[PDB]
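Student: The structure follows.
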Amino acid sequence: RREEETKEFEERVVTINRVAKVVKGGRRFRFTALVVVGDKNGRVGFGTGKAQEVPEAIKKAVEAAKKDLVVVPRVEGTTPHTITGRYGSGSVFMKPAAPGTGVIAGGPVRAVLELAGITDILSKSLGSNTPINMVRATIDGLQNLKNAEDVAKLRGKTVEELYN
Amino acid sequence: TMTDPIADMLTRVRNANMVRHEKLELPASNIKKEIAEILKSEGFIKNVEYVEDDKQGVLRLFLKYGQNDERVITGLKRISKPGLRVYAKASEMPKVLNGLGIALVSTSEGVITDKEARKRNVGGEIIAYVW
Amino acid sequence: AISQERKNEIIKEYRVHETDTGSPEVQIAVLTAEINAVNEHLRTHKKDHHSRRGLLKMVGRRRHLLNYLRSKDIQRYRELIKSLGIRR
Amino acid sequence: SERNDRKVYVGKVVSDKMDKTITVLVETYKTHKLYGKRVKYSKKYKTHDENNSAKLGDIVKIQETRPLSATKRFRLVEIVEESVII
RNA sequence: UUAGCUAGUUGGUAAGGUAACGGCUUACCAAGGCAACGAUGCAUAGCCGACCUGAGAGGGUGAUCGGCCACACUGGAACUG
RNA sequence: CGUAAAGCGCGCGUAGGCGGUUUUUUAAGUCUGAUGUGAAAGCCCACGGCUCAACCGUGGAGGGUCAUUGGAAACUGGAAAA
RNA sequence: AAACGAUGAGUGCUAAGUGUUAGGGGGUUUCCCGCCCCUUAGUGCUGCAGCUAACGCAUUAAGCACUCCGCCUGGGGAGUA
């Protein structure tokens, strides 16, 4: 949905596998690679793709990445509040942090959060250690994240009476 | 035999969120009316309307939904449940979601939101978070 | 067995008032009659499963209600136990 | 000296089969370090009567007195509730 | 895969004894007491303020330092004070 | 705790755990304030002194499932009434 | 015992349609017994939300919760000593 090449971008690869398809006779393989894409100013998205070679596969993953996009509700260089991500036993848990701390997380989720423009944030992976599921859970957590203005409009009252 | 009415009301509320229906029906109680009033005062409840028939209740509430039909909260649950009752001091009282959410808590002077309970420096037994 | 005739006859003397039909005194009495009946037939037929299951369920319920009347009132327990000659 | 209002512990009686002595069962409920719930565990305080005044099943409170015998210390102060089969 | 333990035991009386209360010890009378909310046994172990670790709840340890307890080749006893 | 280890074959039921609705009441839990106490050293904070640091000192906070006592009664609990 | 639904018991809530077993209320028929709708409880299937490693579960939840009980913490050893 609505891929844009107009903003600045930073490609970032998480993992590459050598993945095989067995047939009679030989043994056919096709490389795979997942990528995350964001402009590190409040917008992010992941990506997947497969091909018989590295550069073509990662290009496919990136061109499919911009098509799925994330608004990344951010505040003060940190997430507005603390949450728990869950997707297919790939659980994950994030929590805001005082400035100067920095993103601490696993490699893939560090890349996800560093590339979404968050500076200081606390988190720890849980459950499964495979990059794909925990990355998708991280993005799912960012999808159901809200900020003060995103809620104050909904409830009849306003900000400055309910605030972080 | 029903072990807990608060569990019933919160399950009814969440199960109303999952299908989105403005009206719901549930046997009322004094604590139930008070917490419904505070729910309306936060802004999550469009309207409140108690009714009377033999004998209790039955409390009818009107839900709230965004213009794009978006559920206001992202989760709702209790803390004080039977067997393991819980309590909370005035300073130790937790800030769930900070301003974002609130923390219903029952006190020696009555049930109020999390804020006023920390302002007055009087704690009590928490009941349910909401956010 | 039991029969509605003898049941309705005996409950009139044990009912707390004319109009009532609950009043576990009534229930304890009819249960006692029932347990004696089933116990006589179970001595007549030694082996079965529905009979002893039933006897156990009704004895449990009778004890539960008898204990209930032990906290609502204190003389009623006594007058029933020494009138039915039960709960030694 | 007069500085203690002695530790007054209500409880009930369990037996009366010894001279001038009873076995008060004090009751309280205490927490758990790991969890935060409550559970009640009983005790059996033996007690010094004057003429076996207390009954079986009675409700009474007691007080610290002094070591009076082999593992019996408290004396009665006031019988609270006395009754027959309930 | 430690379920019954306890007969001075538990209670009383009397006396003695102890700085003191106390089956603490004697003689008499009574049969109680302890135990699933874990007695008793077995096995190990001095305890604590703390130390290490952990975000936190927790987990492990009881080296220095301080407090308390127990012991001085092994067992028994008592004088002095 | 379907299939991966993990619901006993099931039943009757003690002790226990949990508890429908409303009112009054108690204030045990709970909340709240004070009092005494939680030795000192130690951990943390702040400062000072050994050339600095290590270290040490000072003072503070912190530390109870703590006791006494002044208040509250929504909730748990006790009593009484629907 | 593969005693199984490889699904502990009790309670409450959450789209549907289609049947089957023993009932009930109402309208349509001169008479419903002929027809329909509605309500029960079990007894099935297809399926949405949601949930799951996936398969599948879906008011007869493996969903949304509460109380209580049982149990597991790698395989072989071994149900063995």
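Simple scheme: letters A, B, ... for chains in structure tokens order, numbers from 1 for residues in each chain, numbers from 1 for ligands in the order shown.
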Specify as an MDAnalysis selection string all residues of chain D found within 9 Å of chain B, counting only C-alpha atoms.

Tutor: chainID D and resid 35:38

Student: Counting only C-alpha atoms (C1' of nucleotides), which residues in chain E sit no more than 8 Å from chain D? For each one, give the nearest pair of atoms and the distance in Å, sorted by chain then residue number, as JSON lines.

Tutor:
```
{"residue": "E:11", "atom": "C1'", "partner": "D:18", "partner_atom": "CA", "distance": 5.4}
{"residue": "E:12", "atom": "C1'", "partner": "D:19", "partner_atom": "CA", "distance": 5.9}
{"residue": "E:21", "atom": "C1'", "partner": "D:67", "partner_atom": "CA", "distance": 5.6}
{"residue": "E:22", "atom": "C1'", "partner": "D:69", "partner_atom": "CA", "distance": 5.3}
{"residue": "E:23", "atom": "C1'", "partner": "D:70", "partner_atom": "CA", "distance": 7.2}
{"residue": "E:32", "atom": "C1'", "partner": "D:18", "partner_atom": "CA", "distance": 7.3}
{"residue": "E:37", "atom": "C1'", "partner": "D:41", "partner_atom": "CA", "distance": 4.9}
```

Student: At most 10 Å is the cut-off: for each residue in chain C with any atom that close to an atom of chain D, write down the nearest atom pair and the distance in Å rounded to one decimal, counting only C-alpha atoms, chain first then increasing number, as CSV.

Tutor:
```
residue,atom,partner,partner_atom,distance
C:69,CA,D:86,CA,9.8
C:70,CA,D:86,CA,6.3
C:71,CA,D:86,CA,7.3
C:72,CA,D:86,CA,9.7
C:73,CA,D:86,CA,7.9
C:74,CA,D:86,CA,5.0
C:75,CA,D:86,CA,7.9
C:76,CA,D:86,CA,9.8
C:77,CA,D:86,CA,8.1
C:78,CA,D:85,CA,8.8
```

Student: Write a file of the selected residues as an mmCIF file, in the first residue's frame, keeping N, CA and C atoms.

Tutor:
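Final output, again-v4.cif:
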```cif
data_model
loop_
_atom_site.group_PDB
_atom_site.id
_atom_site.type_symbol
_atom_site.label_atom_id
_atom_site.label_comp_id
_atom_site.auth_asym_id
_atom_site.auth_seq_id
_atom_site.Cartn_x
_atom_site.Cartn_y
_atom_site.Cartn_z
ATOM 1 N N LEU C 69 -29.775 -25.580 58.544
ATOM 2 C CA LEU C 69 -30.679 -25.249 59.636
ATOM 3 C C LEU C 69 -29.979 -25.175 60.980
ATOM 4 N N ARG C 70 -28.704 -25.546 61.053
ATOM 5 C CA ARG C 70 -27.971 -25.424 62.301
ATOM 6 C C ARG C 70 -27.503 -23.998 62.547
ATOM 7 N N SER C 71 -27.496 -23.154 61.520
ATOM 8 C CA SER C 71 -26.988 -21.802 61.690
ATOM 9 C C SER C 71 -28.116 -20.779 61.649
ATOM 10 N N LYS C 72 -29.191 -21.092 60.926
ATOM 11 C CA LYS C 72 -30.372 -20.236 60.949
ATOM 12 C C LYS C 72 -31.069 -20.291 62.303
ATOM 13 N N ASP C 73 -31.163 -21.476 62.896
ATOM 14 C CA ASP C 73 -31.912 -21.680 64.124
ATOM 15 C C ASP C 73 -31.219 -22.789 64.900
ATOM 16 N N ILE C 74 -31.501 -22.873 66.196
ATOM 17 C CA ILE C 74 -30.750 -23.834 66.994
ATOM 18 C C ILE C 74 -31.668 -24.867 67.636
ATOM 19 N N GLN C 75 -32.923 -24.499 67.914
ATOM 20 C CA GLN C 75 -33.845 -25.492 68.460
ATOM 21 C C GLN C 75 -34.359 -26.423 67.370
ATOM 22 N N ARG C 76 -34.594 -25.890 66.166
ATOM 23 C CA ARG C 76 -35.153 -26.702 65.089
ATOM 24 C C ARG C 76 -34.306 -27.937 64.832
ATOM 25 N N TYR C 77 -32.987 -27.763 64.774
ATOM 26 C CA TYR C 77 -32.079 -28.889 64.601
ATOM 27 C C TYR C 77 -32.389 -29.978 65.620
ATOM 28 N N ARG C 78 -32.485 -29.586 66.890
ATOM 29 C CA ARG C 78 -32.706 -30.550 67.957
ATOM 30 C C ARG C 78 -34.067 -31.225 67.836
#
```

Student: For chain F, which residues have at least one atom within 8 Å of chain B, if we go by only C-alpha atoms (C1' of nucleotides)? Write them as a list in words, please.

Tutor: residues 17, 18, 19, 20, 21, 30, 31, 32, 72, 73, 74, 75 and 76 of chain F

Student: Just to be explicit: take each residue in the selection above, keep N, CA and C atoms (P, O5', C5', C4', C3', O3' and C1' of nucleotides), and write the result as a PDB file, in the first residue's frame.

Tutor:
```
ATOM      1  P     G F  17      -9.325 -21.694  54.502  1.00  0.00           P
ATOM      2  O5'   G F  17      -9.329 -21.485  52.926  1.00  0.00           O
ATOM      3  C5'   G F  17      -8.113 -21.380  52.204  1.00  0.00           C
ATOM      4  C4'   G F  17      -8.364 -21.313  50.722  1.00  0.00           C
ATOM      5  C3'   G F  17      -9.416 -20.318  50.282  1.00  0.00           C
ATOM      6  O3'   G F  17      -8.917 -19.001  50.202  1.00  0.00           O
ATOM      7  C1'   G F  17      -9.800 -22.378  49.213  1.00  0.00           C
ATOM      8  P     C F  18      -9.806 -17.782  50.736  1.00  0.00           P
ATOM      9  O5'   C F  18     -10.980 -17.675  49.670  1.00  0.00           O
ATOM     10  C5'   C F  18     -10.700 -17.262  48.346  1.00  0.00           C
ATOM     11  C4'   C F  18     -11.765 -17.712  47.384  1.00  0.00           C
ATOM     12  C3'   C F  18     -13.122 -17.049  47.511  1.00  0.00           C
ATOM     13  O3'   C F  18     -13.156 -15.748  46.951  1.00  0.00           O
ATOM     14  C1'   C F  18     -13.392 -19.378  47.202  1.00  0.00           C
ATOM     15  P     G F  19     -13.464 -14.476  47.883  1.00  0.00           P
ATOM     16  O5'   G F  19     -15.047 -14.461  48.000  1.00  0.00           O
ATOM     17  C5'   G F  19     -15.838 -13.922  46.955  1.00  0.00           C
ATOM     18  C4'   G F  19     -16.954 -14.855  46.570  1.00  0.00           C
ATOM     19  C3'   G F  19     -18.339 -14.479  47.068  1.00  0.00           C
ATOM     20  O3'   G F  19     -18.951 -13.483  46.269  1.00  0.00           O
ATOM     21  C1'   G F  19     -17.951 -16.771  47.474  1.00  0.00           C
ATOM     22  P     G F  20     -19.904 -12.371  46.929  1.00  0.00           P
ATOM     23  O5'   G F  20     -21.228 -12.459  46.051  1.00  0.00           O
ATOM     24  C5'   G F  20     -21.926 -13.686  45.912  1.00  0.00           C
ATOM     25  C4'   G F  20     -23.029 -13.583  44.890  1.00  0.00           C
ATOM     26  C3'   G F  20     -23.852 -12.308  44.958  1.00  0.00           C
ATOM     27  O3'   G F  20     -23.251 -11.260  44.218  1.00  0.00           O
ATOM     28  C1'   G F  20     -25.300 -14.176  44.915  1.00  0.00           C
ATOM     29  P     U F  21     -23.001  -9.826  44.888  1.00  0.00           P
ATOM     30  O5'   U F  21     -24.468  -9.253  45.105  1.00  0.00           O
ATOM     31  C5'   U F  21     -25.325  -9.005  44.003  1.00  0.00           C
ATOM     32  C4'   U F  21     -26.618  -8.393  44.467  1.00  0.00           C
ATOM     33  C3'   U F  21     -26.477  -7.376  45.583  1.00  0.00           C
ATOM     34  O3'   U F  21     -26.110  -6.093  45.115  1.00  0.00           O
ATOM     35  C1'   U F  21     -28.234  -8.885  46.088  1.00  0.00           C
ATOM     36  P     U F  30      -2.966  -5.164  56.608  1.00  0.00           P
ATOM     37  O5'   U F  30      -3.784  -4.226  55.617  1.00  0.00           O
ATOM     38  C5'   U F  30      -4.162  -4.673  54.322  1.00  0.00           C
ATOM     39  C4'   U F  30      -5.085  -3.686  53.657  1.00  0.00           C
ATOM     40  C3'   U F  30      -4.647  -2.237  53.743  1.00  0.00           C
ATOM     41  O3'   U F  30      -3.654  -1.903  52.795  1.00  0.00           O
ATOM     42  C1'   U F  30      -6.926  -2.393  54.319  1.00  0.00           C
ATOM     43  P     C F  31      -2.401  -1.013  53.248  1.00  0.00           P
ATOM     44  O5'   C F  31      -2.953   0.472  53.134  1.00  0.00           O
ATOM     45  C5'   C F  31      -3.714   0.865  52.006  1.00  0.00           C
ATOM     46  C4'   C F  31      -4.494   2.118  52.284  1.00  0.00           C
ATOM     47  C3'   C F  31      -3.746   3.211  53.022  1.00  0.00           C
ATOM     48  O3'   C F  31      -2.880   3.963  52.196  1.00  0.00           O
ATOM     49  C1'   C F  31      -5.864   2.924  54.001  1.00  0.00           C
ATOM     50  P     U F  32      -1.474   4.468  52.782  1.00  0.00           P
ATOM     51  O5'   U F  32      -1.883   5.548  53.875  1.00  0.00           O
ATOM     52  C5'   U F  32      -2.581   6.723  53.501  1.00  0.00           C
ATOM     53  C4'   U F  32      -3.024   7.509  54.706  1.00  0.00           C
ATOM     54  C3'   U F  32      -1.948   7.831  55.724  1.00  0.00           C
ATOM     55  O3'   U F  32      -1.107   8.899  55.340  1.00  0.00           O
ATOM     56  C1'   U F  32      -3.854   7.041  56.847  1.00  0.00           C
ATOM     57  P     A F  72     -13.640   8.380  61.829  1.00  0.00           P
ATOM     58  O5'   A F  72     -13.228   7.903  60.371  1.00  0.00           O
ATOM     59  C5'   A F  72     -13.338   8.771  59.253  1.00  0.00           C
ATOM     60  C4'   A F  72     -13.226   7.979  57.980  1.00  0.00           C
ATOM     61  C3'   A F  72     -14.082   6.723  57.951  1.00  0.00           C
ATOM     62  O3'   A F  72     -15.375   7.001  57.442  1.00  0.00           O
ATOM     63  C1'   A F  72     -11.844   6.204  57.324  1.00  0.00           C
ATOM     64  P     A F  73     -16.688   6.361  58.106  1.00  0.00           P
ATOM     65  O5'   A F  73     -17.207   5.360  56.987  1.00  0.00           O
ATOM     66  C5'   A F  73     -16.738   5.471  55.648  1.00  0.00           C
ATOM     67  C4'   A F  73     -16.371   4.125  55.080  1.00  0.00           C
ATOM     68  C3'   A F  73     -17.385   3.022  55.364  1.00  0.00           C
ATOM     69  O3'   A F  73     -17.510   2.154  54.242  1.00  0.00           O
ATOM     70  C1'   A F  73     -15.272   2.432  56.285  1.00  0.00           C
ATOM     71  P     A F  74     -18.974   1.723  53.745  1.00  0.00           P
ATOM     72  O5'   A F  74     -18.753   1.233  52.250  1.00  0.00           O
ATOM     73  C5'   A F  74     -19.053   2.077  51.150  1.00  0.00           C
ATOM     74  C4'   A F  74     -18.192   1.732  49.965  1.00  0.00           C
ATOM     75  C3'   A F  74     -17.718   0.288  49.904  1.00  0.00           C
ATOM     76  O3'   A F  74     -18.680  -0.570  49.321  1.00  0.00           O
ATOM     77  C1'   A F  74     -15.890   1.737  49.543  1.00  0.00           C
ATOM     78  P     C F  75     -18.926  -2.034  49.923  1.00  0.00           P
ATOM     79  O5'   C F  75     -17.547  -2.784  49.667  1.00  0.00           O
ATOM     80  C5'   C F  75     -17.050  -2.966  48.351  1.00  0.00           C
ATOM     81  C4'   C F  75     -15.681  -3.591  48.369  1.00  0.00           C
ATOM     82  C3'   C F  75     -15.515  -4.770  49.311  1.00  0.00           C
ATOM     83  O3'   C F  75     -16.018  -5.975  48.768  1.00  0.00           O
ATOM     84  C1'   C F  75     -13.689  -3.291  49.567  1.00  0.00           C
ATOM     85  P     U F  76     -16.778  -7.024  49.715  1.00  0.00           P
ATOM     86  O5'   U F  76     -15.592  -7.761  50.470  1.00  0.00           O
ATOM     87  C5'   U F  76     -14.554  -8.384  49.734  1.00  0.00           C
ATOM     88  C4'   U F  76     -13.522  -8.991  50.644  1.00  0.00           C
ATOM     89  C3'   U F  76     -14.051  -9.578  51.937  1.00  0.00           C
ATOM     90  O3'   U F  76     -14.624 -10.860  51.777  1.00  0.00           O
ATOM     91  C1'   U F  76     -12.175  -8.242  52.407  1.00  0.00           C
TER      92        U F  76
END
```

Student: Just want the 12 Å neighbourhood of residue 164 in chain A, counted on only C-alpha atoms (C1' of nucleotides), with same-chain residues fewer than 6 positions away dropped. Output as a list in words.

Tutor: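 Neighbouring residues, sequence-local ones excluded: residues 75, 76, 78, 79, 80, 81, 82, 96, 146, 147, 148 and 149 of chain A; 95, 96, 97, 98, 99, 100, 101 and 102 of chain B.
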
Student: Which chain A residues are at most 12 Å from chain E (counting only C-alpha atoms (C1' of nucleotides)), as a list in words?

Tutor: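 Within 12 Å of chain E on chain A, we get residues 122, 123 and 124 of chain A.
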
Student: Which neighbours of residue 74 in chain B fall inside 8 Å, counting only C-alpha atoms (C1' of nucleotides), when residues of the same chain fewer than 2 positions from it are skipped, and could you give them as a list in words?

Tutor: residues 144 of chain A; 71, 72, 76 and 131 of chain B

Student: Expressed in Å to a single decimal, how great is the separation between CA of residue 62 in chain D and CA of residue 33 in chain D?

Tutor: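 Calculated distance between CA of residue 62 in chain D and CA of residue 33 in chain D is 28.9 Å.
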
Student: Could you list, as a list in words, every residue of chain A that has an atom within 12 Å of an atom of chain G, counting only C-alpha atoms (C1' of nucleotides)?

Tutor: residues 87, 88, 89, 90 and 128 of chain A
